[PDB]
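Just one chain follows, in the form deposited in one PDB entry, and it is written as structure tokens.
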């Protein structure tokens, strides 16, 4: 809306209705509506956008204009009064490994990306946003409230740029602004391969006819491969250590080097693809480069789907799993596969699962060297600790043997994320993920907490007493009322995350509904879902059902001891078995001749 920094619509393409392979963009999944689920379209709207002016201006843009007769509290102020805490002791999740957190980020990145408006480089805009805190067009700065310490050290605000949106089209009549999802809505390993054909090709190794992904040629992990470097300048990964000067990786997803464990995970996935391609070349010597790439790509996709629905979702959704994701009944071509705008806020529950440190463990799962445990903030956009400080194995061990943070109404987001986040475009470890999340809810025209409760068929609290009952927490409810005045005004991100978790789950009732629904649609609406008869042969599916993240690690690292259930809290050596005892992926059912 207004067209300043909008995204150009539908570079068209004709559909191969008989191909056994996903397109890269996600077009042609749905036959009747080939664009559903494709990258670079408007995120779906489950409820209509809510803007100050009804078109594109977010609530809190204009000081005089209230929401339902009340000013919205500052994002940073909600963060300070509600989201922060001091004491890291006792915060960890005793029945979830750190791989629980990290898998969620991986899934999230497969499904959605709403990139900030390209103001351009060379920006006086960035300057005006950051230095002068001048709100206008794409600049929607996060202003510091009264007595905020950042006043004394940072300035009047943190910069924030509005999300990219769909261009208005030749009718040109007035419509609410829709933000773009830049990645394919399908759970399709797009974070490995890309959602855009040009990037997808640049990632491939087209020098050999082997259907491999390109690997780093300047650095190796004791023989094993790294992602290639991103040669785009300037590099945030160089900026954090100018001595080291190690650039970011180049992956199927732009965000791959945001933090060291995410870059680690992207590494495992790349290695898995190359492994799969080599194994398939031995089984089918006649298969060409294309066929090899497509087939391993198709296996990796199913791997991510199986881990997510079998291992991850049950431990997020708990008792609500069955209620939103009943057993599969085949492809339903009437289901909307698109990711919804609100899902991209609901899935940010992950931010409350990130602990304040990261460890490198040695082969005995003991602290690796003198600085084994690092503050998380030092690991944003950090590639040098991988390339120059031991490769990925010591990080992978930490994933297995260390724990996720548990969400806690009094201990929501670690200060590493809340005070010291580094943004790739800027220069300081000074940003606030919580305040950004809340600013972003408004950027995207999110209906408020009570609207979503209603959508989910849940009671809608009107008074302090009502809120207390929902939150089962009198103090939090009061602090929310003091800031927001009405529950109707509470931003969906803090609203949904505030609720106590469902039985055996890690999210509250509002979020289990919003997530459950989306995941159901992600499965049921996908023509290439792995369990859709015809996608894979029955014998292939029998093989696939044996995959695990533990096997993934065994095959792609020099780690030889792993737990059988990677996602629960596991202690060495009690909970760890030799790799040789762990189920393998049998690729024999992929063997194909013509005789």
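Shifts are known only where both forms have a C-alpha. Numbering follows the first chain given and starts at 1. Under this definition, the rigid core comprises the largest set of C-alpha atoms superposing within 1.5 Å between the forms.
**Q** Mean C-alpha B-factor higher for 500-508, or for 414-422?
**A** Mean CA B-factor is higher for 500-508.
**Q** Decide which of the stretches 166-174 and 71-79 has the higher mean C-alpha B-factor, going by the entry.
**A** The entry gives the higher C-alpha B-factor average to 166-174.
**Q** Highest Cα B-factor in the PDB entry belongs to which of 258, 218, 112, 353?
**A** In the PDB entry, the greatest C-alpha B-factor among 258, 218, 112, 353 is found at 218.
**Q** Considering only 274, 340, 284, 184, which residue's Cα atom bears the greatest B-factor as recorded?
**A** When the deposited C-alpha B-factors of 274, 340, 284, 184 are compared, 284 is largest.
**Q** Would the CA B-factor of residue 318 place it in the lowest, middle or highest third of its chain?
**A** Its C-alpha B-factor, which the entry lists for residue 318, ranks in the middle third among residues of this chain.
**Q** Residue 559: which third of its chain by C-alpha temperature factor?
**A** Within its chain, residue 559 is a middle-third residue by C-alpha B-factor, going by the deposited values.
**Q** Rank-wise, by C-alpha B-factor, drop residue 289 into the lowest, middle or highest third of its chain.
**A** Highest third, going by the recorded CA B-factors of the chain.
**Q** If you rank the chain by CA B-factor, which third does residue 197 end up in: lowest, middle or highest?
**A** Top third by C-alpha B-factor.
**Q** With respect to C-alpha B-factor, does residue 296 fall in the lowest, middle or highest third of the chain as deposited?
**A** Ranked within chain, residue 296 CA B lands in the middle tercile.
Heads up, the form deposited in another entry isn't pictured, but that's what we're talking about next.
**Q** If you fit the two forms on their rigid core, which residue out of 234, 466, 168, 209 shows a CA shift of at least 2 Å between this form and the one not shown?
**A** By this measure, the answer is 168.
**Q** Against the rigid core, is the Cα displacement of residue 11 between this form and the one not shown at least 2 Å?
**A** Yes, the C-alpha moves 2 Å or more.
**Q** Given that the shift is 3 Å or more, do the Cα atoms of residue 6 and residue 63 end up closer or farther apart in the other entry than in this form?
**A** Farther apart, by at least 3 Å.
**Q** Shorter or longer C-alpha distance for residue 168 and residue 164 in the other entry, given it differs from this form by 3 Å or more?
**A** Closer in the other entry, by 3 Å or more.
**Q** Okay, core lined up, where does the chain shift between this form and the one not shown, counting runs of 3 or more residues with each Cα at least 2 Å away?
**A** The segments that shift (3 or more residues, C-alpha shift of 2 Å or more) are 1-12, 168-171.
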